[PDB]
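Data block for start33.txt (compact mmCIF, C-alpha atoms):
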```txt
# COMPACT_ATOMS: atom_id res chain seq x y z
CA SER K 1 94.33 111.25 120.37
CA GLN K 2 94.18 113.26 117.07
CA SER K 3 96.07 110.44 115.17
CA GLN K 4 92.74 108.54 114.69
CA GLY K 5 91.47 111.54 112.62
CA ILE K 6 94.72 112.63 110.87
CA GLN K 7 95.56 109.05 109.70
CA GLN K 8 92.39 109.04 107.48
CA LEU K 9 93.87 112.02 105.53
CA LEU K 10 97.31 110.32 105.30
CA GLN K 11 95.71 107.02 104.16
CA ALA K 12 94.01 108.73 101.16
CA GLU K 13 97.29 110.58 100.30
CA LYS K 14 99.42 107.35 100.56
CA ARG K 15 96.91 105.39 98.40
CA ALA K 16 96.94 108.29 95.87
CA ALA K 17 100.79 108.46 95.83
CA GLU K 18 101.01 104.65 95.28
CA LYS K 19 98.53 104.70 92.31
CA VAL K 20 100.36 107.64 90.64
CA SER K 21 103.81 106.05 91.33
CA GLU K 22 102.73 102.68 89.77
CA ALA K 23 101.57 104.54 86.61
CA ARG K 24 104.95 106.45 86.53
CA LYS K 25 106.82 103.08 86.82
CA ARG K 26 104.68 101.67 83.94
CA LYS K 27 105.39 104.86 81.84
CA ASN K 28 109.18 104.35 82.30
CA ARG K 29 108.85 100.59 81.41
CA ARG K 30 106.73 101.34 78.27
CA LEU K 31 109.39 103.89 77.14
CA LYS K 32 112.10 101.14 77.44
CA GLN K 33 109.84 98.64 75.56
CA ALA K 34 109.45 101.18 72.68
CA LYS K 35 113.29 101.39 72.31
CA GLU K 36 113.63 97.56 72.43
CA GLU K 37 110.94 96.93 69.76
CA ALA K 38 112.38 99.70 67.54
CA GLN K 39 115.84 98.02 67.78
CA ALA K 40 114.31 94.74 66.47
CA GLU K 41 112.33 96.35 63.59
CA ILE K 42 115.29 98.41 62.20
CA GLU K 43 117.34 95.16 61.94
CA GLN K 44 114.43 93.49 60.05
CA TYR K 45 114.48 96.50 57.65
CA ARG K 46 118.33 96.27 57.30
CA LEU K 47 117.98 92.53 56.46
CA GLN K 48 115.18 93.23 53.91
CA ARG K 49 117.26 96.01 52.25
CA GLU K 50 120.30 93.64 52.30
CA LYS K 51 118.31 90.92 50.40
CA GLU K 52 117.06 93.51 47.86
CA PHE K 53 120.62 94.90 47.44
CA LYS K 54 122.09 91.37 46.91
CA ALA K 55 119.35 90.68 44.31
CA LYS K 56 120.16 94.01 42.48
CA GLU K 57 123.91 93.20 42.64
CA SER O 1 77.69 116.14 115.54
CA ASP O 2 80.91 113.97 115.45
CA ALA O 3 79.28 110.78 114.01
CA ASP O 4 77.74 112.72 111.05
CA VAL O 5 81.19 114.32 110.37
CA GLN O 6 82.83 110.83 110.40
CA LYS O 7 80.15 109.56 107.92
CA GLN O 8 80.55 112.68 105.69
CA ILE O 9 84.39 112.33 105.50
CA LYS O 10 84.17 108.49 105.02
CA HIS O 11 81.96 109.14 101.94
CA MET O 12 83.70 112.29 100.57
CA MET O 13 87.34 111.03 100.93
CA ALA O 14 86.62 108.48 98.13
CA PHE O 15 86.63 111.40 95.58
CA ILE O 16 90.39 111.94 96.32
CA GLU O 17 91.07 108.24 95.52
CA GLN O 18 88.90 108.50 92.35
CA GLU O 19 90.77 111.65 91.16
CA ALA O 20 94.14 109.97 91.95
CA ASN O 21 93.05 106.91 89.90
CA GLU O 22 91.94 109.25 87.05
CA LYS O 23 95.41 110.94 87.21
CA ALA O 24 97.09 107.49 87.10
CA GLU O 25 94.85 106.56 84.09
CA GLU O 26 95.94 109.82 82.35
CA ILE O 27 99.62 108.84 83.05
CA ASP O 28 98.83 105.36 81.58
CA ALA O 29 97.30 107.04 78.47
CA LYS O 30 100.48 109.23 78.20
CA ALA O 31 102.56 106.00 78.51
CA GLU O 32 100.74 104.42 75.48
CA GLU O 33 101.15 107.67 73.47
CA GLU O 34 104.87 108.02 74.40
CA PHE O 35 105.52 104.32 73.55
CA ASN O 36 104.10 104.83 70.02
CA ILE O 37 105.84 108.25 69.59
CA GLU O 38 109.30 106.97 70.72
CA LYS O 39 109.03 103.66 68.76
CA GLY O 40 107.84 105.49 65.59
CA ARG O 41 110.58 108.20 65.77
CA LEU O 42 113.37 105.63 66.34
CA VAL O 43 112.14 103.13 63.68
CA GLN O 44 111.60 105.76 60.95
CA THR O 45 114.85 107.73 61.63
CA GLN O 46 117.03 104.58 61.61
CA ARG O 47 115.10 102.98 58.67
CA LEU O 48 115.74 106.15 56.59
CA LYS O 49 119.50 106.15 57.54
CA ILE O 50 119.71 102.38 56.72
CA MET O 51 117.79 102.90 53.42
CA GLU O 52 120.12 105.79 52.38
CA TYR O 53 123.20 103.57 53.04
CA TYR O 54 121.81 100.92 50.63
CA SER R 1 106.55 134.78 116.87
CA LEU R 2 105.39 131.21 116.05
CA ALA R 3 109.01 129.95 116.59
CA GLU R 4 108.40 129.56 120.38
CA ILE R 5 105.45 127.08 120.01
CA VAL R 6 105.39 125.45 116.51
CA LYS R 7 106.56 121.81 116.02
CA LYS R 8 106.24 119.51 112.94
CA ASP R 9 104.08 116.78 114.59
CA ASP R 10 101.04 119.17 114.74
CA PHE R 11 101.08 119.60 110.88
CA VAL R 12 100.02 117.76 107.68
CA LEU R 13 102.06 119.15 104.72
CA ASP R 14 104.31 118.06 101.73
CA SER R 15 101.24 116.37 100.12
CA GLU R 16 99.19 116.49 96.87
CA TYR R 17 95.65 116.48 98.39
CA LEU R 18 96.32 117.63 102.03
CA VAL R 19 96.71 121.07 103.72
CA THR R 20 97.10 122.57 107.25
CA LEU R 21 95.35 125.81 108.36
CA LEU R 22 95.94 127.92 111.51
CA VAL R 23 93.27 129.85 113.50
CA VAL R 24 93.21 131.80 116.81
CA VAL R 25 90.09 131.92 119.05
CA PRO R 26 89.31 133.83 122.33
CA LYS R 27 89.54 131.54 125.42
CA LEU R 28 85.75 131.67 126.12
CA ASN R 29 84.76 131.25 122.40
CA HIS R 30 87.12 128.19 122.19
CA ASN R 31 84.28 126.04 123.68
CA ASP R 32 82.20 126.80 120.52
CA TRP R 33 85.23 126.57 118.15
CA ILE R 34 86.01 122.93 119.27
CA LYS R 35 82.73 121.82 117.53
CA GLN R 36 82.06 124.68 115.05
CA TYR R 37 85.42 124.34 113.14
CA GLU R 38 84.26 120.87 111.87
CA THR R 39 81.10 122.57 110.41
CA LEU R 40 82.88 125.38 108.42
CA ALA R 41 83.50 123.12 105.36
CA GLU R 42 82.87 119.59 104.04
CA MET R 43 85.85 117.12 103.80
CA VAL R 44 87.17 117.76 107.37
CA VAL R 45 87.96 114.67 109.53
CA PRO R 46 86.80 114.65 113.21
CA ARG R 47 89.48 115.74 115.80
CA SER R 48 91.61 117.61 113.17
CA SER R 49 92.35 120.46 115.69
CA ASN R 50 95.81 120.44 117.35
CA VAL R 51 96.49 123.26 119.90
CA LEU R 52 99.99 124.81 119.71
CA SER R 53 99.46 126.93 122.88
CA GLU R 54 97.01 128.87 125.06
CA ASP R 55 97.55 132.38 126.55
CA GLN R 56 95.74 135.02 128.73
CA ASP R 57 93.24 135.79 125.87
CA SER R 58 93.09 132.88 123.41
CA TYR R 59 94.10 129.51 121.90
CA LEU R 60 95.92 128.87 118.58
CA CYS R 61 95.37 125.54 116.75
CA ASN R 62 96.31 123.80 113.53
CA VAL R 63 93.46 122.20 111.52
CA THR R 64 94.27 119.30 109.14
CA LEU R 65 92.04 118.79 106.03
CA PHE R 66 91.76 117.97 102.28
CA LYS R 67 92.72 120.76 99.79
CA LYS R 68 89.11 121.39 98.51
CA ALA R 69 87.89 122.38 102.02
CA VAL R 70 90.36 125.24 102.71
CA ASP R 71 88.77 128.36 101.13
CA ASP R 72 85.24 127.58 102.41
CA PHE R 73 86.78 126.87 105.86
CA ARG R 74 88.73 130.19 105.92
CA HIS R 75 85.80 132.24 104.52
CA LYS R 76 83.28 130.78 107.04
CA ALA R 77 85.91 131.20 109.82
CA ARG R 78 86.03 134.96 108.91
CA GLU R 79 82.17 135.10 108.76
CA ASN R 80 82.05 133.67 112.35
CA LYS R 81 84.90 136.12 113.41
CA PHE R 82 87.43 133.24 113.86
CA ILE R 83 90.80 134.79 112.89
CA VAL R 84 92.93 133.00 110.23
CA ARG R 85 96.76 133.22 110.81
CA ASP R 86 98.31 130.60 108.44
CA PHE R 87 101.93 129.70 109.42
CA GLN R 88 102.47 126.30 107.67
CA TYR R 89 105.65 125.19 109.61
CA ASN R 90 107.98 127.87 108.12
CA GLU R 91 111.21 126.16 109.33
CA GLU R 92 113.58 128.73 107.72
CA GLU R 93 111.71 131.66 109.38
CA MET R 94 111.53 130.11 112.90
CA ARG R 95 115.29 129.29 112.65
CA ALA R 96 116.05 132.86 111.45
CA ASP R 97 114.16 134.38 114.45
CA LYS R 98 116.01 132.06 116.92
CA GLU R 99 119.42 132.72 115.28
CA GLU R 100 118.96 136.53 115.28
CA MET R 101 117.53 136.51 118.86
CA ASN R 102 120.65 134.62 120.05
CA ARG R 103 123.03 136.75 117.89
CA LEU R 104 121.66 140.26 118.70
CA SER R 105 121.32 139.53 122.46
CA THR R 106 124.97 138.29 122.42
CA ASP R 107 126.38 141.11 120.19
CA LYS R 108 124.70 143.84 122.35
CA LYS R 109 126.56 142.46 125.45
```
What is this file in structure tokens?
Amino acid sequence: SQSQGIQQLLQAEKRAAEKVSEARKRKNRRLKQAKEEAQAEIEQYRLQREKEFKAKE
Amino acid sequence: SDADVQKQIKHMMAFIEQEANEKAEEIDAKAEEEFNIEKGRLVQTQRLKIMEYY
Amino acid sequence: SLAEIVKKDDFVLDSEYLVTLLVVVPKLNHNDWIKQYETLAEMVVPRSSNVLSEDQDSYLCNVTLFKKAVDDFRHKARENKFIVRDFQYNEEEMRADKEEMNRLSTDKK
């Protein structure tokens, strides 16, 4: 039956789709991590500016 | 004939997997760029707004 | 019309690296085509040919292959007088032919 041939095409395509999909999942996760680290650093800046402002006051 | 065709495809089909891995590695490089771009834009914009308040 | 013979299971489509091609061959020349089609380009798997139907003159088959192979395959098919007739499972067109065949034959009565 032709399935023994055709499945070799579909195997390469499925392996390709998995590798690209895993990189897309990592891209989405890295975008979320960038937001989360930015949210921490802006609070550290607010706290530093607060200490400077209290010293100037 | 048929055995040489099966050997030729079994070798050549690896180039599709290699190009798919190279595309995934380009998406991973775009992920590292976008992480730095998004983090930098958010940190600087908010830091400037916070600084102006003080 | 391809609508009388085409079905999805004979096709490889909706894919990044994969294509399907369609070729008609005279019923005597088919005995050469069965082996020669696998020699028209690199990156063709063995037994990629799926016949849709025979007739009084000829056979039509789908060939399944990687995207790099397709233009060498079609050009060397033309060089060997094998006639390219690409109909990549056009579901909207086969349905339109069936719908209008049923409608016009009914409306005429």
Would you write out, as JSON lines, a table of all residues in region 8-54 of chain O that have an atom no more than 7 Å from an atom of region 1-23 of chain K, listing for each the closest atom pair and the distance in Å to one decimal, considering only C-alpha atoms and ordering rows by chain and rising residue number?
```
{"residue": "O:16", "atom": "CA", "partner": "K:12", "partner_atom": "CA", "distance": 6.8}
{"residue": "O:17", "atom": "CA", "partner": "K:16", "partner_atom": "CA", "distance": 5.9}
{"residue": "O:20", "atom": "CA", "partner": "K:16", "partner_atom": "CA", "distance": 5.1}
{"residue": "O:21", "atom": "CA", "partner": "K:19", "partner_atom": "CA", "distance": 6.4}
{"residue": "O:23", "atom": "CA", "partner": "K:20", "partner_atom": "CA", "distance": 6.9}
{"residue": "O:24", "atom": "CA", "partner": "K:20", "partner_atom": "CA", "distance": 4.8}
{"residue": "O:27", "atom": "CA", "partner": "K:23", "partner_atom": "CA", "distance": 5.9}
{"residue": "O:28", "atom": "CA", "partner": "K:23", "partner_atom": "CA", "distance": 5.8}
```
Write the residues you've just listed into a file as a CSV table (one decimal), in the frame of the given file, and include C-alpha atoms for each of them.
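Result went into part.csv, see below:
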```csv
chain,number,residue,atom,x,y,z
O,16,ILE,CA,90.4,111.9,96.3
O,17,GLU,CA,91.1,108.2,95.5
O,20,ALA,CA,94.1,110.0,92.0
O,21,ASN,CA,93.0,106.9,89.9
O,23,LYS,CA,95.4,110.9,87.2
O,24,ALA,CA,97.1,107.5,87.1
O,27,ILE,CA,99.6,108.8,83.0
O,28,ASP,CA,98.8,105.4,81.6
```
- Query: When distances are computed from all atoms listed in the file, which of R:37, R:89, R:17, R:11 shows the smallest separation from residue 5 (chain O)?
  - Reply: R:37
- Item | d(CA of residue 43 (chain O), CA of residue 50 (chain K)) in Å |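 Taking CA of residue 43 (chain O) and CA of residue 50 (chain K), their separation equals 16.9 Å.
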Per-residue nearest contacts chain R to chain O, cut-off 12 Å, using only C-alpha atoms, as JSON lines:
```
{"residue": "R:16", "atom": "CA", "partner": "O:20", "partner_atom": "CA", "distance": 9.6}
{"residue": "R:17", "atom": "CA", "partner": "O:16", "partner_atom": "CA", "distance": 7.3}
{"residue": "R:18", "atom": "CA", "partner": "O:16", "partner_atom": "CA", "distance": 10.0}
{"residue": "R:34", "atom": "CA", "partner": "O:2", "partner_atom": "CA", "distance": 11.0}
{"residue": "R:35", "atom": "CA", "partner": "O:1", "partner_atom": "CA", "distance": 7.9}
{"residue": "R:36", "atom": "CA", "partner": "O:1", "partner_atom": "CA", "distance": 9.6}
{"residue": "R:37", "atom": "CA", "partner": "O:5", "partner_atom": "CA", "distance": 11.2}
{"residue": "R:38", "atom": "CA", "partner": "O:5", "partner_atom": "CA", "distance": 7.4}
{"residue": "R:39", "atom": "CA", "partner": "O:5", "partner_atom": "CA", "distance": 8.3}
{"residue": "R:40", "atom": "CA", "partner": "O:5", "partner_atom": "CA", "distance": 11.4}
{"residue": "R:41", "atom": "CA", "partner": "O:5", "partner_atom": "CA", "distance": 10.4}
{"residue": "R:42", "atom": "CA", "partner": "O:8", "partner_atom": "CA", "distance": 7.5}
{"residue": "R:43", "atom": "CA", "partner": "O:9", "partner_atom": "CA", "distance": 5.3}
{"residue": "R:44", "atom": "CA", "partner": "O:9", "partner_atom": "CA", "distance": 6.4}
{"residue": "R:45", "atom": "CA", "partner": "O:9", "partner_atom": "CA", "distance": 5.9}
{"residue": "R:46", "atom": "CA", "partner": "O:6", "partner_atom": "CA", "distance": 6.2}
{"residue": "R:47", "atom": "CA", "partner": "O:2", "partner_atom": "CA", "distance": 8.8}
{"residue": "R:48", "atom": "CA", "partner": "O:5", "partner_atom": "CA", "distance": 11.3}
{"residue": "R:65", "atom": "CA", "partner": "O:9", "partner_atom": "CA", "distance": 10.0}
{"residue": "R:66", "atom": "CA", "partner": "O:13", "partner_atom": "CA", "distance": 8.3}
{"residue": "R:67", "atom": "CA", "partner": "O:16", "partner_atom": "CA", "distance": 9.8}
{"residue": "R:68", "atom": "CA", "partner": "O:16", "partner_atom": "CA", "distance": 9.8}
{"residue": "R:69", "atom": "CA", "partner": "O:12", "partner_atom": "CA", "distance": 11.0}
```
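Between CA of residue 76 (chain R) and CA of residue 18 (chain O) there is a distance of 27.3 Å.
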- Task: Grab the CA of residue 35 (chain O) to CA of residue 50 (chain O) distance for me, in Å with one decimal place.
- Result: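 So the two atoms, CA of residue 35 (chain O) and CA of residue 50 (chain O), lie 22.1 Å apart.
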- Could you give me, as JSON, numbers by chain, the residues that sit within 12 Å of (102.5, 99.4, 79.1) in the file's coordinates, counting all atoms listed in the file? {"K": [22, 23, 24, 25, 26, 27, 28, 29, 30, 31, 32, 33, 34], "O": [25, 27, 28, 29, 30, 31, 32, 33, 34, 35, 36]}
- Just give me the residues with any atom within 12 Å of (92.5, 128.8, 121.6), file coordinates, counting all atoms listed in the file, written as a count of residues only. 30
Tell me which protein, DNA and RNA residues are within 10 Å of region 95-104 of chain R, counting all atoms listed in the file, leaving out same-chain ones fewer than 3 positions away, and put them as a compact mmCIF listing (two decimals) with C-alpha atoms, in the coordinates of the input.
```
# COMPACT_ATOMS: atom_id res chain seq x y z
CA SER R 1 106.55 134.78 116.87
CA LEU R 2 105.39 131.21 116.05
CA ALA R 3 109.01 129.95 116.59
CA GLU R 4 108.40 129.56 120.38
CA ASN R 90 107.98 127.87 108.12
CA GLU R 91 111.21 126.16 109.33
CA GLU R 92 113.58 128.73 107.72
CA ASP R 107 126.38 141.11 120.19
CA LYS R 108 124.70 143.84 122.35
CA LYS R 109 126.56 142.46 125.45
```
